């Protein structure tokens, strides 16, 4: 009852660098987050606390449910909202779809409940569940530090066409970080120079070691990477895979080869 709809956007990493290993066993990163016009559709209704999707994600596993239940635990308030998410952003595509879902729902539910959580409290809540989530409370363009949750909004000189080519294989972030050799690490200073160049519009400066690894672990990601090269474009990888992107439009040759393999092609403009 009283149905409202909210969009839940995807992100790409315009470069990612691993800086070190933290006491938790998690890795410190530098990355440039970019919100893209590619959305999940979320329906928010008054009713029993429920989180359903259209792709069969178990409610207990759902980041949105874990968020709303933690909301209840922290605030003592009973959340009486039914959530249905139409999942267009594929899980494991390195596009932070789950984190986006988490962030947008909790921000809206907070607002609906008269904002019992401050910006600091909302951000720390979503961040405790997912490091990529706080970015989606800002959107647009931001440098991500720590594990990604320490953010600095920036304005980039990047505009024009960006095309995503999404393989079928779902990339595991855990497996990718586990294959990461201590020699793949870089200094924050190196990564900072790279990011500054990318912000200025020098997209050829984008790189991502997790993509190097994803390509070694999941051959289909490598196939997509190689195919984008064959088309005469520099390919880039989002998150820990699986999505390969490039700066140019989708051609009929790409589209046809995608349909034959089941690759999702997403044509964006910034």
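Numbering follows the first chain given and starts at 1. Just so we're on the same page, rigid core means the largest C-alpha set that superposes within 1.5 Å between forms.
Enquirer: Rigid core superposed, root mean square over structures and residues, which stretch has C-alphas farther from this form in 5 other deposited structures of this protein, 106-114 or 175-183?
Expert: Looking at 175-183 and 106-114 in 5 other deposited structures of this protein, the bigger mover is 175-183.
Enquirer: May I ask which stretch, 237-245 or 23-31, sits farther from the shown form in 5 other deposited structures of this protein once every structure is superposed on the core, judging by RMS CA distance?
Expert: Between 237-245 and 23-31, the one lying farther away in 5 other deposited structures of this protein is 23-31.
Enquirer: Once you work out the mean C-alpha B-factor for both 54-62 and 26-34 from the entry, which is higher?
Expert: Comparing 26-34 with 54-62, the higher average CA B-factor belongs to 54-62.
Enquirer: Of the two stretches 200-208 and 37-45, which shows the higher Cα B-factor on average in the entry?
Expert: Per the deposited B-factors, the answer is 37-45.
Enquirer: Name the one of 101, 88, 130, 118 with the greatest CA B-factor according to the PDB entry.
Expert: That would be 118.
Enquirer: From 138, 195, 113, 150, which pick has the Cα B-factor that tops the rest in the entry?
Expert: The record points to 113.
Enquirer: Would you mind ranking residue 217 by its C-alpha B-factor against the rest of the chain and naming the third, lowest, middle or highest?
Expert: Answer is middle: the recorded C-alpha B-factor places it there.
Enquirer: Would you check the entry's CA temperature factor for residue 190 and let me know if it's in the chain's lowest, middle or highest third?
Expert: For residue 190, the deposited C-alpha B-factor lands in the lowest third.
Enquirer: Using the B-factors in the PDB entry, rank residue 235's C-alpha atom against the chain and give the third, lowest, middle or highest.
Expert: CA B-factor rank for residue 235: lowest third.
Enquirer: Taking the chain's C-alpha temperature factors as the reference, tell me which third residue 94 falls into: lowest, middle or highest.
Expert: Lowest third, going by the recorded CA B-factors of the chain.
Enquirer: Pull the Cα B-factor of residue 146 out of the PDB entry and bin it into the chain's lowest, middle or highest third.
Expert: For residue 146, whose C-alpha B-factor we compare with every modelled residue in the chain, the answer is the lowest third.
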